[PDB]
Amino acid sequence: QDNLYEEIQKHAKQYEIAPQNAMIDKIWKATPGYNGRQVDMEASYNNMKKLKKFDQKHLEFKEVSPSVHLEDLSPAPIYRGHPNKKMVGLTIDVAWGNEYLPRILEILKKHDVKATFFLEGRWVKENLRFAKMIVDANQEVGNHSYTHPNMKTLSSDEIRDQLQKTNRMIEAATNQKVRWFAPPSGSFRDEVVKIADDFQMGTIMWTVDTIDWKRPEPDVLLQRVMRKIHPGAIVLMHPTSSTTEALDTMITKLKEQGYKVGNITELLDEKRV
């Protein structure tokens, strides 16, 4: 009946996905947009013409940008990636735990996965070689304040000083520009978010807390994560024994469920997985 080209045409709408716009969710606050897609006729045809049969596995796509982007939103915290993006973001808050950093970095290398390392400024100052170790492993770093105060109760001057001192220390020690800020203990108010934005940083929270600082059994941590994970989840960890013992299996199980796993910059990208 139809030739292969017509069969691909007939299936094009079935695999089309509209782009999704960024918005500020009443509950989850600032959420990125996510690319849509349409069938690339030429690449799809070229992938199927040797076997002369339609195979959806061999479709290729052109992506379609949304109209409203994360950077268009008013300042607001980011808890999650887009809920249709089959990706999980890993964040690691670092103010201690040097002895676990090399193993964590090796596990990430083994899986070719990235995590955002949010660094406390005083920790960087006192542990320059470990800060360098993280970026030498090709991992991105973010701002975790300078002394881990409760930023919700700080004056605006103190918020500005905490953020600025930390960025100066991180950028001197790693030569990387800082894009992301993680509040200590997740404690913030609107003025924290606005001042972080004045330093050109988004404020990153999470949706899945490992609570690894309580030293759970590794399997208890793994099960906690798998019970709570979802598309666009951001997972909060620290350099702990629990995280280090669970991380290899955790990434394996996430990939088995169909998730891409990456850092915050990758998670919030509009590009499709």
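Start at 1 and count along the sequence shown; that's the residue number.
- Item | Given 129-137 and 78-86, the range whose Cα B-factors average higher in the PDB entry | Comparing averages over the C-alpha atoms only gives 129-137.
- Task: Quick one: say whether 2-10 or 263-271 has the higher mean Cα B-factor in the deposited entry.
- Result: Result of the comparison: 2-10.
- Whose C-alpha has the highest temperature factor in the PDB entry: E120, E158, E171, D72? Result of the comparison over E120, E158, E171, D72: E171.
- Whose CA atom has the top B-factor in the entry, of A233, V68, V220, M205? Each of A233, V68, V220, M205 was compared by C-alpha B-factor; the highest is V220.
- Third of chain Cα B-factors occupied by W213: Ranked within chain, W213 CA B lands in the highest tercile.
- Query: Which third of the chain does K109 land in by C-alpha B-factor: lowest, middle or highest?
  - Reply: Tercile = lowest for this residue's CA B-factor.
- Task: Going by the recorded CA B-factors, say which third of the chain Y146 sits in, lowest, middle or highest.
- Result: As the PDB entry reports it, the C-alpha B-factor of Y146 lands in the middle third of its chain.
- Message: Could you place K177 in the lowest, middle or highest third of its chain by Cα temperature factor, using the values in the record?
- Response: CA B-factor rank for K177: highest third.
- So where's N98 on the chain's Cα temperature factor ranking, which third? For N98, whose C-alpha B-factor we compare with every modelled residue in the chain, the answer is the highest third.
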